[PDB]
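S.K.: So the sequence shown is numbered by the deposited numbering: it starts at 3 and just counts up by one.
Idealized CB from N, CA, C, for every residue including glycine.
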Amino acid sequence: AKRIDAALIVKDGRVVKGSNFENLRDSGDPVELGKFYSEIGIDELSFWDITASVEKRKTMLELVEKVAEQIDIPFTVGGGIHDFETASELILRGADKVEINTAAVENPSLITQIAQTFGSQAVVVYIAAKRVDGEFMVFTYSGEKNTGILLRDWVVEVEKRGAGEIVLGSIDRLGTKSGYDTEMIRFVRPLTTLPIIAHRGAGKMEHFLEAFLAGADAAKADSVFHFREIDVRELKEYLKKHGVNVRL
């Protein structure tokens, strides 16, 4: 089964810019939004925390505790997870998976440490990549640092260190609603046996179809769902109609 993920960008315990589901008590409540999503056909949730501390560590730990109590589908936490101890805390508190990016590049052993303790399934490595002069290049630090590492090298190393899946984010699709980067998905597919999660570019139902054709095991989106540009049920019906094996 191909998987549909909703990403919720979270700040001080709030969904950043809320949602359009007026049927909910509190549309900026991420635990109520995530729960609603799990009931309408979202397969997995991501929470990305952008709390500019010093309340971050605690806001995140409270979020997952609260999410873990209410929601019956898999979830990931990310947003500033920089070391083993931070990952350990979040998982021991009820996160199923942790998402790491920059920390993973500056310490590929961190992947292995999380995987050796909690299982590979608990390690999501977000790979943010961009076209640089003919090459797919890996960028760190909210896409600000050109690491010099080739996408093809990093993917192999990510699997080799024991990551359970890869969120493949196209910096070239940041803020666009014109499609997922299917060329980047097709580039990576033969290189890894891990699940590939497409992120950045979604604007319409057809885009999801394209990403799965390209070899994505999952497709993640955010505001497109939160602002009701795409209905999750309509999406899954559309995908199923066209030969995609989604849990309806």
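1. Return the chain-ordered ranges of every alpha helix (DSSP H) run that is complete within the region 95-133 and spans a minimum of 4 residues.
2. Kindly confirm or deny that the region 10-26 and the region 186-198 touch, where touching means at least three C-beta pairs closer than 8 Å.
3. Got a sec, what are the start and stop residues for the beta strand (DSSP E) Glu146 sits in?
4. Specify the secondary structure class of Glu46 as computed by DSSP and reduced to three states.
5. Taking the Cβ atom as the reference point for each residue, do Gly96 and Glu67 lie within a distance shorter than 8 Å?
6. Does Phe229 pass the burial test, meaning 16 or more other C-beta atoms within 10 Å, or should it be called exposed?
7. Can you tell me which of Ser225, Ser144, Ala165 and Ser180 puts its alpha carbon nearest to the alpha carbon of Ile199?
8. Can you tell me whether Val169 is buried or exposed? The criterion is at least 16 other CB atoms within 10 Å of its CB, across all chains shown.
9. Does the separation of the CB atoms of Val140 and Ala124 fall below 8 Å?
10. Give the range of the alpha helix (DSSP H) segment to which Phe214 is assigned.
11. Determine, using beta carbons only, whether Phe138 and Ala131 come nearer to each other than 8 Å.
12. Evaluate contact between the region 214-234 and the region 32-48, counting only Cβ atoms and requiring at least three cross-stretch pairs below 8 Å.
13. In terms of residues, what are the limits of the alpha helix (DSSP H) holding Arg202?
14. Measuring alpha carbon to alpha carbon, tell me which of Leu237, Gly30, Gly82 and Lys242 ends up nearest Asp7.
M.R.: The structure says:
1. Whole alpha helix (DSSP H) segments, 4+ residues: 104-107 and 110-120.
2. No: fewer than three Cβ pairs fall under 8 Å.
3. Judged by DSSP secondary structure, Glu146 falls outside any beta strand (DSSP E); it is assigned neither H nor E.
4. Reduced to three states, the DSSP call for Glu46 is strand.
5. In this structure, the beta-carbon distance from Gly96 to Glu67 falls below 8 Å.
6. With a 10 Å radius around the Cβ and a threshold of 16 neighbouring Cβ atoms, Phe229 comes out exposed.
7. Closest by alpha carbon: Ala165.
8. Per the 10 Å Cβ criterion, buried.
9. Not in contact: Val140 and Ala124 (Cβ atoms no closer than 8 Å).
10. Unbroken alpha helix (DSSP H) run through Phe214: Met207 to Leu215.
11. Taking 8 Å as the cut-off, the Cβ atoms of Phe138 and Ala131 count as close.
12. Flag = yes, the region 214-234 and the region 32-48 touch.
13. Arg202 -> no alpha helix (DSSP H), and no H or E assigned at all.
14. Per the Cα distances, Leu237.
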